[PDB]
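Comments concern the structure below.
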Number of protein chains: 2
Amino acid sequence: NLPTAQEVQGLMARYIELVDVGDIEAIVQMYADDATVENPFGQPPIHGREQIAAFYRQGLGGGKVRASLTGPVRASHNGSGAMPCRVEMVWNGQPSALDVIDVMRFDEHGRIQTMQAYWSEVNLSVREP
Amino acid sequence: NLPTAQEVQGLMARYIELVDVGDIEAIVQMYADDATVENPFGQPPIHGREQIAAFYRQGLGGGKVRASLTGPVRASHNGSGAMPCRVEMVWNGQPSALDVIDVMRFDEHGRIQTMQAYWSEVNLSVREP
């Protein structure tokens, strides 16, 4: 059955953990095999487990990447939710911080069926040494 | 043309202002006439300016309602964005606070074409004396 509000809060916080540690296997594990990821929202979706793994491979490849929840997960009663996080990584040769909000819909097996990441360069902050 | 990241940031912050002051006319003004609101996401959409006005009428009717941005607006390059806010109002006879994340898609005239508010009772906090 479709994940309750509570469970969605649990699942979306766990996803941020996994991203923080770079556990690509576990991250990919969280997605339905026909899931889609739009990141950043606006770009063409990436489809299916194989492409997604590569996305997270390249994404978490090279620049050291931390992610942390910066507020409560907002969760609906229909297996969806949205959350704000801050992603630390190297951009354009500089340690930078990116503010993001991820929106996720889960299937009846508690897998991510759809993910969208809202952010752009306006949410981008370069850190001084 | 479709609103830039910067403009989206501006528009979504202005919406929160208007809600905070209860300017229903201006709020309704921000929406396309064929816009849809899902609030809370999961419930059936409300369609068009007339129903929307009533929604904001009832919504901002009775319980004193404040709303404030609690972090940066995440804005994409394709006329969409998402933001976190905290809504103060009276629920179930009690001054309460609700954590929300609104997701908005704008049209080429800078009007809100689609709004979704993510929150449920798990995001609800009742305030003591």
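Residues in the range B:86-100 that are away from chain A (no Cβ under 14 Å) and in a strand (DSSP E or B): B:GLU88, B:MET89, B:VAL90, B:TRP91, B:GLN94, B:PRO95, B:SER96.
So which residues in the range A:23-58 are among the small types (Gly, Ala, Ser) and over 23 Å from B:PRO72 (Cα atoms), if there are any at all? Lay out the reasoning, then the answer.
Step one: list which residues in the range A:23-58 are among the small types (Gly, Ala, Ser), which gives A:26, A:32, A:35, A:42, A:48, A:53-54.
Selection gives A:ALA26, A:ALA32, A:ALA35, A:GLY48, A:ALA53, A:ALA54.
The listed residues are A:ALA32, A:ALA5, and the only one of them that is out of contact with any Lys or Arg (no Cβ under 8 Å at 6 or more places or on another chain) and not charged (D, E, K, R) turns out to be A:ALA5. The set of residues from the range A:92-129 being in contact (Cβ under 8 Å) with a residue 40 or more places away in the chain and exposed (fewer than 15 other Cβ atoms within 10 Å of the Cβ) comprises A:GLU108, A:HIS109. Residues in the range B:101-129 that are out of contact with any helix residue (DSSP H, G or I) (no Cβ under 7 Å at 6 or more places or on another chain) and among the aliphatic types (A, V, I, L, M) were compared, and the one that is farthest from the other protein chains (Cβ to nearest Cβ) is B:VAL126.
Could you tell me which residue of the range B:28-80 is farthest from the chain's Cα centre (by Cα), considering only residues that are at the interface with another protein chain (Cβ under 9 Å from one of its Cβ atoms) and aliphatic (A, V, I, L, M)?
Within the range B:28-80, the first condition is being at the interface with another protein chain (Cβ under 9 Å from one of its Cβ atoms), and the residues that meet it are B:40-43, B:70-80.
Filter again for aliphatic (A, V, I, L, M), leaving B:73, B:75.
On the way: B:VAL73: 13, B:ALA75: 15 Å.
Filtering the range B:28-80 for residues that are at the interface with another protein chain (Cβ under 9 Å from one of its Cβ atoms) and aliphatic (A, V, I, L, M), the one farthest from the chain's Cα centre (by Cα) comes out as B:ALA75.
For B:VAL37, the conditions (1) closer than 23 Å to A:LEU98 by Cα; (2) assigned to a strand (DSSP E or B) all hold with the exception of (1). For the range B:60-75, the condition of being surrounded by 16 or more Cβ atoms within 10 Å (Cβ to Cβ) and either of a type in the set (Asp, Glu) or assigned to a helix (DSSP H, G or I) (or both) holds for none of the residues.
Let me spell it out: the conditions are (1) touching a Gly at 6+ places or on another chain (Cβ under 9 Å); (2) within 14 Å of another protein chain (Cβ to nearest Cβ); (3) without any contact (Cβ under 8 Å) to a residue 24 or more places away in the chain, and B:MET83 meets all of them except one. Which number is the exception? Here B:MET83 clears every test but (3). Determine if the range B:53-74 includes at least one residue that is among the aromatic types (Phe, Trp, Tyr) and under 22 Å from A:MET83 (Cα atoms). Checked against the condition, which is being among the aromatic types (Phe, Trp, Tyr) and under 22 Å from A:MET83 (Cα atoms), the range B:53-74 yields no hits at all.
Among the numbered conditions (1) of a type outside the set (S, T, N, Q); (2) in contact with a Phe, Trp or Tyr (Cβ under 8 Å, 6 or more places away or on another chain); (3) surrounded by 16 or more Cβ atoms within 10 Å (Cβ to Cβ), the only one that B:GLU88 does not meet is (2). Within the range B:1-48, being touching a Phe, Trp or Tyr at 6+ places or on another chain (Cβ under 8 Å) and without any contact (Cβ under 8 Å) to a residue 40 or more places away in the chain holds for B:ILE24, B:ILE27, B:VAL28, B:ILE46. Within the range A:60-80, the set of residues being without any contact (Cβ under 8 Å) to a residue 12 or more places away in the chain and within 29 Å of A:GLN94 (Cβ to Cβ) comprises just one member, A:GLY61. Inclusion of B:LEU11 among residues that are within 14 Å of chain A (Cβ to nearest Cβ), surrounded by 14 or more Cβ atoms within 10 Å (Cβ to Cβ) and either acidic (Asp, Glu) or under 12 Å from the mean Cα position of the chain (by Cα) (or both) is warranted.
Laboratory data are not the source of any read-out in this text; all were calculated from the coordinates shown. Cβ coordinates were reconstructed from backbone atoms using ideal geometry, including for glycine residues, and neighbour counts include every protein chain displayed.
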